Amino acid sequence: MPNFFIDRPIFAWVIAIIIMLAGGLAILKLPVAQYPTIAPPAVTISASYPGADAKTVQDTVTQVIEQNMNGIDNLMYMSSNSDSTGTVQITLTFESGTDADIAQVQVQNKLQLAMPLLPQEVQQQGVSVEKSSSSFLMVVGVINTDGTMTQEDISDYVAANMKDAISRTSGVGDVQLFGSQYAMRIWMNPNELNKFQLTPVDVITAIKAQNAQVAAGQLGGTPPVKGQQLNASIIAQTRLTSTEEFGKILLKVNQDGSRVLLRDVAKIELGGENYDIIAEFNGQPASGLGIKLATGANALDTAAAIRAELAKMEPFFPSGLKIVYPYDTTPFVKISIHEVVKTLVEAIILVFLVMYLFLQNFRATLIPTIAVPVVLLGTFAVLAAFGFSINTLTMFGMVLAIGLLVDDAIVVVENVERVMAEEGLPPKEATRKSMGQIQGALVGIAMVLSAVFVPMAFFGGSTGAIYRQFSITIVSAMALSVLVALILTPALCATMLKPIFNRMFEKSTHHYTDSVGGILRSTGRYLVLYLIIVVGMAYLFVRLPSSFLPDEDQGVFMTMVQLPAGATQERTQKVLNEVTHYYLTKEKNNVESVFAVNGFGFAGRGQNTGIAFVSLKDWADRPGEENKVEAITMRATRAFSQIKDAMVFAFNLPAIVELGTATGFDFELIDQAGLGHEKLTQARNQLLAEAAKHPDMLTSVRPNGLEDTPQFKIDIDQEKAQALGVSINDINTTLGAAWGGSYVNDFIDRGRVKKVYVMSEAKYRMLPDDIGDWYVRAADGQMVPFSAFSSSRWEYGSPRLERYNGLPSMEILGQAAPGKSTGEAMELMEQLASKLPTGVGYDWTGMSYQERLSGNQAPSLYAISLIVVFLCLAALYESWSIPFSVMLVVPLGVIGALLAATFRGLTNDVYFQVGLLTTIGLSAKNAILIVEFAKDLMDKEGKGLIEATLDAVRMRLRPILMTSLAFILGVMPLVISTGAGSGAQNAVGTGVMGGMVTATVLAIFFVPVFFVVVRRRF
Amino acid sequence: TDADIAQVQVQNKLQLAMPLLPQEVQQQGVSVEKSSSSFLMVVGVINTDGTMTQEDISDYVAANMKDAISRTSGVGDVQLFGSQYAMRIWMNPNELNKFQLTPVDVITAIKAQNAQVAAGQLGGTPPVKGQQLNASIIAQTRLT
Amino acid sequence: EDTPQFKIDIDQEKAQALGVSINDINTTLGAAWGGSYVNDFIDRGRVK
Amino acid sequence: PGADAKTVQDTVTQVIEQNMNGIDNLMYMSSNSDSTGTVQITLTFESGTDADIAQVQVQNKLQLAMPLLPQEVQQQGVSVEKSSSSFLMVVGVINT
Amino acid sequence: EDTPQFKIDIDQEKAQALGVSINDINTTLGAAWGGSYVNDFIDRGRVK
Amino acid sequence: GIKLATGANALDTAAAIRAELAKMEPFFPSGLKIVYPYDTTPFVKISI
Amino acid sequence: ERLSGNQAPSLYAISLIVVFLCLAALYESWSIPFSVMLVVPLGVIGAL
């Protein structure tokens, strides 16, 4: 096939221009993102029943919805949480590859069918079904420095003048609000209700039948009467649109024309729909707007457009209102991708330099300089064929594949040069002879590398996509590389190559051949040495930490504050304020801003939690290892242990926000007999105590829930209520409206529909004794206090009740101890769970579910890959024994990478594994080429298995050294990288360099030995 | 025809007529499912001992077995050969007439005294300045 | 095939004269003879 | 029903229109609300877009706006469906 | 183009003083002018 | 009585159902047992 | 109509490039598909 192109170079140039144009077109139509879709599709039903506890929402909302979630296709599992704030979160996780839209629509259809069974308040609030995806493209905070506007005003302004236009920006899949827009709070005063002989139910009824919209009709409407000449629609009632307009609502007139209005017994104002969460930014009040990227969209773009829109909005803002960005990841991904492109360009330049250093012919060095970029461009086209994007994983896979691209070009060009330098042939004949020499070797190498890399794309689970990205971006690169070795390089070597330090290299080569001959004189020692190397490689591989992905200092981190049970919103403050003060006083030069959010947390949503999104300055302003995120979080968590009130921990965001800590499991106890909640807590405590007796394997085994807290139970005497003439419904409505609020109806503020909330004033619903201030009107206009027909006490109840697959459950988290694989800890956990009281089951969720379901498919995939590689090698050569001489070079390339990983303290993560595979592939390529040359010399020339091998290794030494020096020097910046995004590139570079050094320093002394010892064995 | 799209379209059309149905029909539950006509399989549950009658076995199957099997991928429909437990109030017309009561009164009393009531929280947001307590309030619970 | 059934005519005017209203008549005739799902309850932690 | 164009534009049109933001392959979107109370928020997509997938995308995006809509439309029901813009044929029926 | 419209406004205090509730006035106006849809019936076996 | 969804495979659905039954079996109250009076997929398996 | 008017020149350019490249590949020269690219205006002015 290359011989078809040597005499036909214009065709090769044309079909290379096609590849270049396709790559250029695809670069612009490839999306851009920090990461692909890793987590399996999940749909999160969210419901809100205001004022309820965990038990009420579980019994009336969670169970009803869960019992109607049947008939949905490809459902891995579901887990529901019911909080004491009245919120229900049911997350259904589906199979990987399941269409997210279809799953969401099926879930929402089942929810719509189950809606009539839900309480009226839940239906009024609404139940939202939405897909869960990447955390946030960008968090657009809005602050008011002047302090004139409170947080509610800022949130209302954001909801009015920002969400509508930001959503119109291209690439913005959805937007979220960090606050509650305006909503009219009628603040009931029990003293005036008792005075004016009123009750909250009367207020609710008056507001309902004082603000509604009514259909009216038309003048001259059809059917018309004969002679009609006008037709105008009539208007009857409009919703109130002013505070004093609600103030004038008539509640009662008494008997002497009292004319008591709404404002007499209550305060009418504009406030927030929800007061649970208050957000601040460096102390001053603030708001936010969470932004999510669309499914297909640029990350560098569609984030700069948002900044442009905010800049456009800036002049049209109230005085003192400005925009800040406490969280953004566009600069980080931009810098990482720029570093990757710079690394590729540097690799091309150093290949040019080394190839001129070895081959003094300048015109020969331009052949890869043209060939190498083209393949890269083609790779992008292949991505456009498979619908991939410009991910971090894809660019790092291309970085790893550049080493195979460069040596694939160098080998053929060096062979052409060596042919015309040794035989003095014209460039065309020399190129033809060289392409004849390595005609089938390139195809065999391509098949071997495909068999090595394709099976890694078939791993199942969340980790399957991560491996698939690299597998595709490397297999496509190799498939295009073999073509560009058979197409552009021969034509360039023919039409762009003239006909017709060295001394030290010649002296070393002659000395090298003597060393190889001396080694071949006695091959016994070099086989036991190889066995020792293999044993050491196995020992290092078995004893090595494992990880998912290297956590990187993305420029931000988080601080979590967890006040004890029963803490208030103001107790989280002056503790969340101390964190801000510490960050903006003791770390002024490293921390640019902090975004404190109160009452949000991570385990629950109560008032005793909070989180601060600490955003550091630019990496240019953070010199040294002490100003990095890792070295700052430890100092923060050391300085936060002095707080003896809350429990404050500072940590860094994971590389992937979805799944992390691959060494940890996600065990979950299930109650499969209706034992209850106390018995399930006892079983969980027993399991925790039993697991605390095995510190050698299980470490930090903790529950993922909230322990029981005191609650105020009011029991109403039905007989007393009947005797006193007060209805149970009236009492319940009064209590719920006073102490929990009641979303009554809607109104129109400024052309937007806001809610109208009715709730007691703050000072009258604080202490239990305040219940004595509330009276219920009996049938005969008589007020009875709550102290007459009811009693109250304190009892322990759960603040957050969770269920798994429709059964009560308790989530237990933990990690395997160092030196112990996670699968070795899951078996111990499920052995401990087998001695629990009867009726208590167990199950694995999340990452543990993926690990248990996938099983040990990696050894099977490796076995089938090895079988296919052996078959391809036995095809390329003819004898069944020759392929062993190639398959015995893998440990030589693995041992160096293992040494580098151990010395640098790295971890056996995805990047290290892919780099190990790359080194294995390149070493196998070198062995394939050497043994092919040796076999060809033995066959076509009839040499005696010793001079043939020596000649083959002598003529193969130069390309191997050239490619090793070009590729080691091309990844040195990755190894010595210490800037932004220098944990992923360091991890992917150190292992590759370590493997590649020892895959060529000593493999050149072993492949001839392997070939010789195999040949004189069968 | 694609089954998923057909089900989505027919359910979208059904949602229009859903509000027009009687409240009893809506609260019983209208179900739209894509499934075959013949039974793929039948899983019977029996008791070797005589300690549980037909109702007991049917209730156990409905409560602890039907829910999870109905969610198994590829299962389009599950028909229970029985019915789970429900609080059956067998009225007595003679006794109802003796005390001058009607079934409407019984229904009203059951609705009033078997409700799960949400009663807010102690120290709920927005709190008054200087608050040290925040606990939920338990008004009423469903009978068990 | 066609089957016998019990057609019971409620007289609206006679019901109004007697003082009863035809909402409790229908509610009684339905709840007594055909059952009436009232609300839910919690049996062994499950909604029934 | 009952509300004029101005009233129904802010309570229905202005509530549903902005939610239709992250929908794949959408060229444009035009809504109209008249004094009868009816509204029609059409969504013209890019040519070649799979129609029945865009329909479910619009449906699941609309269901995020139902809580914000007034109760009176809920009993009427919002109908989302693929629509043309011209009559294929008209079948008149007369009485000779 | 823009059309003239008829606006009817009700005095809530006056209506309550005179003994008529808003819940009656609204539905009376709607039924009289808008045309109220009460319920269904059977015409030749079809629900109308 | 379990009926498979349209377009689903019978054999893998039956296998999943049997796996779910095996998972449920340890928590059965003493006395209960599971029988299969209308299993049809064994015929398909035997024919293949 | 506006979209088609906007995208017509790019269509012409890409068609010309494809024809030029395929002719160069087939006829193994760059001057051969350059004496053909000059007769295109002669055939286009006729259509115009």
# chains A, B, ... in the order shown; residues from 1 in each chain; ligands from 1

$ select_by_dssp --residues "chain F" --states "alpha helix (DSSP H)" --output "list in words"
residues 10, 11, 12, 13, 14, 15, 16, 17, 18, 19, 20, 21, 22, 23, 24, 41, 42, 43, 44, 45, 46 and 47 of chain F

$ interface_residues --of "chain A" --to "chain F" --cutoff "9 Å" --atoms "only C-alpha atoms" --output "list in words"
residues 71, 73, 672, 673, 838, 839, 840 and 841 of chain A

$ closest_residue --among "E:14, E:20, E:8, E:27" --to "chain A" --atoms "only C-alpha atoms"
E:8

$ interface_residues --of "chain B" --to "chain C" --cutoff "8 Å" --atoms "only C-alpha atoms" --output "PDB file with N, CA, C and O atoms, in the first residue's frame"
ATOM      1  N   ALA B  63     -47.049  -6.479  50.683  1.00  0.00           N
ATOM      2  CA  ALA B  63     -46.243  -5.504  51.407  1.00  0.00           C
ATOM      3  C   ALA B  63     -44.755  -5.698  51.140  1.00  0.00           C
ATOM      4  O   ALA B  63     -44.043  -4.739  50.822  1.00  0.00           O
ATOM      5  N   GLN B  84     -53.658  -6.422  50.020  1.00  0.00           N
ATOM      6  CA  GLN B  84     -52.983  -6.196  51.286  1.00  0.00           C
ATOM      7  C   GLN B  84     -53.982  -5.762  52.355  1.00  0.00           C
ATOM      8  O   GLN B  84     -55.158  -5.510  52.085  1.00  0.00           O
ATOM      9  N   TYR B  85     -53.441  -5.588  53.558  1.00  0.00           N
ATOM     10  CA  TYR B  85     -54.297  -5.213  54.701  1.00  0.00           C
ATOM     11  C   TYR B  85     -54.797  -3.788  54.586  1.00  0.00           C
ATOM     12  O   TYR B  85     -54.112  -2.939  53.986  1.00  0.00           O
ATOM     13  N   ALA B  86     -55.990  -3.564  55.096  1.00  0.00           N
ATOM     14  CA  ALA B  86     -56.574  -2.246  55.232  1.00  0.00           C
ATOM     15  C   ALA B  86     -57.454  -2.299  56.466  1.00  0.00           C
ATOM     16  O   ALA B  86     -58.000  -3.354  56.806  1.00  0.00           O
ATOM     17  N   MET B  87     -57.568  -1.165  57.146  1.00  0.00           N
ATOM     18  CA  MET B  87     -58.412  -1.088  58.332  1.00  0.00           C
ATOM     19  C   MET B  87     -59.857  -1.120  57.865  1.00  0.00           C
ATOM     20  O   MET B  87     -60.381  -0.129  57.352  1.00  0.00           O
ATOM     21  N   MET B  91     -69.523  -1.418  59.667  1.00  0.00           N
ATOM     22  CA  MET B  91     -70.548  -0.689  60.392  1.00  0.00           C
ATOM     23  C   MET B  91     -71.712  -1.607  60.750  1.00  0.00           C
ATOM     24  O   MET B  91     -71.944  -2.641  60.122  1.00  0.00           O
ATOM     25  N   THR B 102     -74.865   8.257  61.472  1.00  0.00           N
ATOM     26  CA  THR B 102     -74.896   7.899  60.063  1.00  0.00           C
ATOM     27  C   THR B 102     -73.482   7.592  59.602  1.00  0.00           C
ATOM     28  O   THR B 102     -72.510   8.006  60.243  1.00  0.00           O
ATOM     29  N   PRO B 103     -73.329   6.847  58.505  1.00  0.00           N
ATOM     30  CA  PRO B 103     -71.976   6.593  57.987  1.00  0.00           C
ATOM     31  C   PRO B 103     -71.213   7.859  57.651  1.00  0.00           C
ATOM     32  O   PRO B 103     -69.976   7.857  57.699  1.00  0.00           O
ATOM     33  N   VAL B 104     -71.912   8.944  57.311  1.00  0.00           N
ATOM     34  CA  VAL B 104     -71.237  10.217  57.077  1.00  0.00           C
ATOM     35  C   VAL B 104     -70.528  10.680  58.341  1.00  0.00           C
ATOM     36  O   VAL B 104     -69.399  11.181  58.291  1.00  0.00           O
ATOM     37  N   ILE B 107     -67.385   8.583  58.811  1.00  0.00           N
ATOM     38  CA  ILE B 107     -66.335   9.002  57.887  1.00  0.00           C
ATOM     39  C   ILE B 107     -65.706  10.308  58.350  1.00  0.00           C
ATOM     40  O   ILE B 107     -64.480  10.467  58.325  1.00  0.00           O
ATOM     41  N   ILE B 110     -63.491   9.665  61.434  1.00  0.00           N
ATOM     42  CA  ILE B 110     -62.255   8.981  61.066  1.00  0.00           C
ATOM     43  C   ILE B 110     -61.304   9.939  60.365  1.00  0.00           C
ATOM     44  O   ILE B 110     -60.096   9.935  60.622  1.00  0.00           O
ATOM     45  N   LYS B 111     -61.831  10.787  59.478  1.00  0.00           N
ATOM     46  CA  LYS B 111     -60.985  11.771  58.813  1.00  0.00           C
ATOM     47  C   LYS B 111     -60.379  12.743  59.816  1.00  0.00           C
ATOM     48  O   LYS B 111     -59.217  13.147  59.677  1.00  0.00           O
ATOM     49  N   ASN B 114     -57.769  10.676  62.415  1.00  0.00           N
ATOM     50  CA  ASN B 114     -56.740   9.835  61.809  1.00  0.00           C
ATOM     51  C   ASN B 114     -55.949  10.639  60.787  1.00  0.00           C
ATOM     52  O   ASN B 114     -55.734  10.219  59.648  1.00  0.00           O
ATOM     53  N   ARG B 142     -51.015   9.396  62.485  1.00  0.00           N
ATOM     54  CA  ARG B 142     -51.989   8.430  62.001  1.00  0.00           C
ATOM     55  C   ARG B 142     -52.071   7.240  62.946  1.00  0.00           C
ATOM     56  O   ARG B 142     -51.061   6.790  63.493  1.00  0.00           O
ATOM     57  N   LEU B 143     -53.284   6.733  63.141  1.00  0.00           N
ATOM     58  CA  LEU B 143     -53.474   5.565  63.985  1.00  0.00           C
ATOM     59  C   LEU B 143     -52.794   4.353  63.362  1.00  0.00           C
ATOM     60  O   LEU B 143     -52.700   4.225  62.139  1.00  0.00           O
ATOM     61  N   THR B 144     -52.308   3.455  64.220  1.00  0.00           N
ATOM     62  CA  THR B 144     -51.483   2.345  63.764  1.00  0.00           C
ATOM     63  C   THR B 144     -51.964   0.986  64.257  1.00  0.00           C
ATOM     64  O   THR B 144     -51.262  -0.011  64.054  1.00  0.00           O
TER      65      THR B 144
END

$ residues_around --residues "residue 96 (chain A)" --least-positions-apart "2" --cutoff "12 Å" --atoms "only C-alpha atoms" --output "PDB file with N, CA and C atoms, in the first residue's frame"
ATOM      1  N   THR A  37     -19.584  12.769  31.076  1.00  0.00           N
ATOM      2  CA  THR A  37     -20.604  12.226  31.966  1.00  0.00           C
ATOM      3  C   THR A  37     -20.098  10.907  32.536  1.00  0.00           C
ATOM      4  N   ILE A  38     -19.810  10.892  33.831  1.00  0.00           N
ATOM      5  CA  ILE A  38     -19.265   9.717  34.501  1.00  0.00           C
ATOM      6  C   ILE A  38     -20.330   8.993  35.313  1.00  0.00           C
ATOM      7  N   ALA A  39     -21.078   9.728  36.128  1.00  0.00           N
ATOM      8  CA  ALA A  39     -22.089   9.113  36.969  1.00  0.00           C
ATOM      9  C   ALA A  39     -23.245   8.586  36.121  1.00  0.00           C
ATOM     10  N   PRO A  40     -23.875   7.487  36.544  1.00  0.00           N
ATOM     11  CA  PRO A  40     -25.046   7.000  35.821  1.00  0.00           C
ATOM     12  C   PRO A  40     -26.195   7.981  35.950  1.00  0.00           C
ATOM     13  N   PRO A  41     -27.106   8.012  34.978  1.00  0.00           N
ATOM     14  CA  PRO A  41     -28.204   8.984  35.032  1.00  0.00           C
ATOM     15  C   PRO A  41     -29.030   8.819  36.297  1.00  0.00           C
ATOM     16  N   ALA A  42     -29.376   9.948  36.908  1.00  0.00           N
ATOM     17  CA  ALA A  42     -30.148   9.958  38.139  1.00  0.00           C
ATOM     18  C   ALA A  42     -31.187  11.063  38.071  1.00  0.00           C
ATOM     19  N   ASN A  74     -35.032   0.240  33.419  1.00  0.00           N
ATOM     20  CA  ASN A  74     -33.598   0.409  33.659  1.00  0.00           C
ATOM     21  C   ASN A  74     -33.328   1.205  34.933  1.00  0.00           C
ATOM     22  N   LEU A  75     -33.923   0.762  36.035  1.00  0.00           N
ATOM     23  CA  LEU A  75     -33.774   1.424  37.330  1.00  0.00           C
ATOM     24  C   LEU A  75     -32.781   0.628  38.170  1.00  0.00           C
ATOM     25  N   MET A  76     -31.590   1.193  38.389  1.00  0.00           N
ATOM     26  CA  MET A  76     -30.635   0.544  39.281  1.00  0.00           C
ATOM     27  C   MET A  76     -31.175   0.488  40.702  1.00  0.00           C
ATOM     28  N   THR A  93     -31.582   6.176  40.664  1.00  0.00           N
ATOM     29  CA  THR A  93     -30.407   5.971  39.832  1.00  0.00           C
ATOM     30  C   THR A  93     -30.699   4.882  38.813  1.00  0.00           C
ATOM     31  N   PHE A  94     -30.438   5.193  37.544  1.00  0.00           N
ATOM     32  CA  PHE A  94     -30.725   4.338  36.403  1.00  0.00           C
ATOM     33  C   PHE A  94     -29.441   3.727  35.852  1.00  0.00           C
ATOM     34  N   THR A  98     -28.615   4.726  29.897  1.00  0.00           N
ATOM     35  CA  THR A  98     -30.048   4.946  29.783  1.00  0.00           C
ATOM     36  C   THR A  98     -30.327   6.394  29.400  1.00  0.00           C
ATOM     37  N   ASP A  99     -31.273   6.584  28.483  1.00  0.00           N
ATOM     38  CA  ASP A  99     -31.629   7.925  28.043  1.00  0.00           C
ATOM     39  C   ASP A  99     -32.178   8.729  29.213  1.00  0.00           C
ATOM     40  N   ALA A 100     -31.515   9.845  29.521  1.00  0.00           N
ATOM     41  CA  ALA A 100     -31.901  10.640  30.682  1.00  0.00           C
ATOM     42  C   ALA A 100     -33.289  11.246  30.511  1.00  0.00           C
ATOM     43  N   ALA A 103     -36.013   8.545  31.036  1.00  0.00           N
ATOM     44  CA  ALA A 103     -36.129   8.212  32.451  1.00  0.00           C
ATOM     45  C   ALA A 103     -36.841   9.320  33.216  1.00  0.00           C
ATOM     46  N   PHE A 459     -15.012  -1.619  30.273  1.00  0.00           N
ATOM     47  CA  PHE A 459     -15.305  -1.681  31.697  1.00  0.00           C
ATOM     48  C   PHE A 459     -16.675  -1.078  31.976  1.00  0.00           C
ATOM     49  N   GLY A 460     -17.405  -1.693  32.900  1.00  0.00           N
ATOM     50  CA  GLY A 460     -18.732  -1.243  33.264  1.00  0.00           C
ATOM     51  C   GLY A 460     -18.719  -0.381  34.514  1.00  0.00           C
ATOM     52  N   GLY A 461     -19.734   0.463  34.635  1.00  0.00           N
ATOM     53  CA  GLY A 461     -19.877   1.328  35.789  1.00  0.00           C
ATOM     54  C   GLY A 461     -19.456   2.755  35.501  1.00  0.00           C
ATOM     55  N   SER A 462     -19.362   3.529  36.586  1.00  0.00           N
ATOM     56  CA  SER A 462     -18.937   4.920  36.466  1.00  0.00           C
ATOM     57  C   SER A 462     -17.508   5.017  35.949  1.00  0.00           C
ATOM     58  N   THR A 463     -16.615   4.163  36.451  1.00  0.00           N
ATOM     59  CA  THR A 463     -15.227   4.170  36.007  1.00  0.00           C
ATOM     60  C   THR A 463     -15.065   3.690  34.571  1.00  0.00           C
ATOM     61  N   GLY A 464     -16.110   3.118  33.971  1.00  0.00           N
ATOM     62  CA  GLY A 464     -16.002   2.663  32.596  1.00  0.00           C
ATOM     63  C   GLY A 464     -15.828   3.800  31.608  1.00  0.00           C
ATOM     64  N   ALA A 465     -16.537   4.911  31.822  1.00  0.00           N
ATOM     65  CA  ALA A 465     -16.439   6.042  30.904  1.00  0.00           C
ATOM     66  C   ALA A 465     -15.058   6.685  30.956  1.00  0.00           C
ATOM     67  N   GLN A 850     -21.523  -0.475  42.151  1.00  0.00           N
ATOM     68  CA  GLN A 850     -20.797  -0.662  40.896  1.00  0.00           C
ATOM     69  C   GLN A 850     -19.681  -1.684  41.057  1.00  0.00           C
TER      70      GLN A 850
END

$ interface_residues --of "chain A" --to "chain E" --cutoff "10 Å" --atoms "only C-alpha atoms" --output "list in words"
residues 209, 210, 212, 213, 214, 215, 216, 217, 218, 219, 220, 221, 230, 231, 232, 233, 234, 235, 236, 237, 238, 249, 250, 251, 252, 253, 257 and 259 of chain A

$ interface_residues --of "chain D" --to "chain A" --cutoff "12 Å" --atoms "only C-alpha atoms" --output "VMD selection string"
chain D and resid 1 to 29 34 to 37 52 to 74

$ calpha_fit_rmsd --fixed "chain C" --moving "chain E"
0.6 Å

$ residues_around --residues "region 18-33 of chain G" --least-positions-apart "2" --cutoff "9 Å" --atoms "only C-alpha atoms" --output "PDB file with N, CA and C atoms, in the first residue's frame"
ATOM      1  N   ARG A   8       2.854   7.853  -6.405  1.00  0.00           N
ATOM      2  CA  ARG A   8       1.579   8.560  -6.511  1.00  0.00           C
ATOM      3  C   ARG A   8       1.446   9.469  -5.293  1.00  0.00           C
ATOM      4  N   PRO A   9       2.244  10.547  -5.231  1.00  0.00           N
ATOM      5  CA  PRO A   9       2.312  11.346  -4.000  1.00  0.00           C
ATOM      6  C   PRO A   9       1.200  12.375  -3.876  1.00  0.00           C
ATOM      7  N   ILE A  10       0.672  12.831  -5.013  1.00  0.00           N
ATOM      8  CA  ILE A  10      -0.378  13.846  -4.983  1.00  0.00           C
ATOM      9  C   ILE A  10      -1.636  13.287  -4.335  1.00  0.00           C
ATOM     10  N   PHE A  11      -1.926  12.006  -4.572  1.00  0.00           N
ATOM     11  CA  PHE A  11      -3.070  11.375  -3.923  1.00  0.00           C
ATOM     12  C   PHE A  11      -2.892  11.341  -2.411  1.00  0.00           C
ATOM     13  N   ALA A  12      -1.678  11.030  -1.946  1.00  0.00           N
ATOM     14  CA  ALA A  12      -1.404  11.044  -0.512  1.00  0.00           C
ATOM     15  C   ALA A  12      -1.564  12.444   0.065  1.00  0.00           C
ATOM     16  N   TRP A  13      -1.059  13.457  -0.640  1.00  0.00           N
ATOM     17  CA  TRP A  13      -1.213  14.828  -0.166  1.00  0.00           C
ATOM     18  C   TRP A  13      -2.681  15.223  -0.095  1.00  0.00           C
ATOM     19  N   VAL A  14      -3.473  14.817  -1.087  1.00  0.00           N
ATOM     20  CA  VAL A  14      -4.892  15.159  -1.098  1.00  0.00           C
ATOM     21  C   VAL A  14      -5.614  14.493   0.067  1.00  0.00           C
ATOM     22  N   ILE A  15      -5.364  13.198   0.283  1.00  0.00           N
ATOM     23  CA  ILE A  15      -6.066  12.505   1.364  1.00  0.00           C
ATOM     24  C   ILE A  15      -5.502  12.844   2.732  1.00  0.00           C
ATOM     25  N   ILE A  17      -4.760  16.281   3.192  1.00  0.00           N
ATOM     26  CA  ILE A  17      -5.463  17.556   3.304  1.00  0.00           C
ATOM     27  C   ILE A  17      -6.907  17.324   3.724  1.00  0.00           C
ATOM     28  N   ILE A  18      -7.512  16.233   3.250  1.00  0.00           N
ATOM     29  CA  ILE A  18      -8.861  15.883   3.697  1.00  0.00           C
ATOM     30  C   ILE A  18      -8.882  15.671   5.205  1.00  0.00           C
TER      31      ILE A  18
ATOM     32  N   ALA G  13     -18.100  27.377  -1.960  1.00  0.00           N
ATOM     33  CA  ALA G  13     -16.675  27.260  -1.676  1.00  0.00           C
ATOM     34  C   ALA G  13     -16.290  25.820  -1.365  1.00  0.00           C
ATOM     35  N   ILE G  14     -17.084  25.142  -0.534  1.00  0.00           N
ATOM     36  CA  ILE G  14     -16.741  23.776  -0.158  1.00  0.00           C
ATOM     37  C   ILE G  14     -16.879  22.840  -1.354  1.00  0.00           C
ATOM     38  N   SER G  15     -17.881  23.066  -2.211  1.00  0.00           N
ATOM     39  CA  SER G  15     -18.009  22.244  -3.410  1.00  0.00           C
ATOM     40  C   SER G  15     -16.816  22.435  -4.337  1.00  0.00           C
ATOM     41  N   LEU G  16     -16.382  23.684  -4.523  1.00  0.00           N
ATOM     42  CA  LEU G  16     -15.219  23.937  -5.366  1.00  0.00           C
ATOM     43  C   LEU G  16     -13.968  23.284  -4.795  1.00  0.00           C
ATOM     44  N   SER G  35      -6.426  24.283 -14.666  1.00  0.00           N
ATOM     45  CA  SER G  35      -6.999  24.583 -15.969  1.00  0.00           C
ATOM     46  C   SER G  35      -8.469  24.208 -16.041  1.00  0.00           C
ATOM     47  N   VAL G  36      -8.954  23.423 -15.084  1.00  0.00           N
ATOM     48  CA  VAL G  36     -10.372  23.101 -14.987  1.00  0.00           C
ATOM     49  C   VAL G  36     -11.095  24.090 -14.082  1.00  0.00           C
ATOM     50  N   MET G  37     -10.413  24.608 -13.060  1.00  0.00           N
ATOM     51  CA  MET G  37     -11.031  25.581 -12.169  1.00  0.00           C
ATOM     52  C   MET G  37     -11.237  26.941 -12.822  1.00  0.00           C
ATOM     53  N   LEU G  38     -10.650  27.188 -13.995  1.00  0.00           N
ATOM     54  CA  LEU G  38     -10.867  28.460 -14.674  1.00  0.00           C
ATOM     55  C   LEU G  38     -12.047  28.427 -15.634  1.00  0.00           C
TER      56      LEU G  38
END

$ atom_distance --atom1 "CA of residue 300 (chain A)" --atom2 "CA of residue 390 (chain A)"
10.8 Å

$ atom_distance --atom1 "CA of residue 12 (chain G)" --atom2 "CA of residue 47 (chain G)"
14.3 Å

$ closest_residue --among "D:32, D:78, D:47, D:42" --to "chain G" --atoms "only C-alpha atoms"
D:47

$ residues_around --residues "region 311-317 of chain A" --least-positions-apart "6" --cutoff "10 Å" --atoms "only C-alpha atoms" --output "compact mmCIF listing (two decimals) with N, CA and C atoms, in the first residue's frame"
# COMPACT_ATOMS: atom_id res chain seq x y z
N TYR A 157 -34.40 40.79 43.19
CA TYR A 157 -33.85 41.44 42.01
C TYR A 157 -33.20 40.43 41.07
N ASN A 161 -34.69 40.35 37.28
CA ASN A 161 -33.97 40.96 36.18
C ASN A 161 -32.77 40.16 35.69
N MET A 162 -32.49 38.99 36.27
CA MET A 162 -31.32 38.23 35.87
C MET A 162 -31.65 36.84 35.34
N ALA A 165 -32.95 36.63 31.65
CA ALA A 165 -32.04 36.90 30.54
C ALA A 165 -30.85 35.96 30.54
N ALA A 305 -19.70 34.44 27.70
CA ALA A 305 -20.92 35.14 27.31
C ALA A 305 -21.73 35.56 28.53
N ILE A 323 -21.49 42.37 41.14
CA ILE A 323 -21.47 40.95 40.82
C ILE A 323 -20.10 40.38 41.18
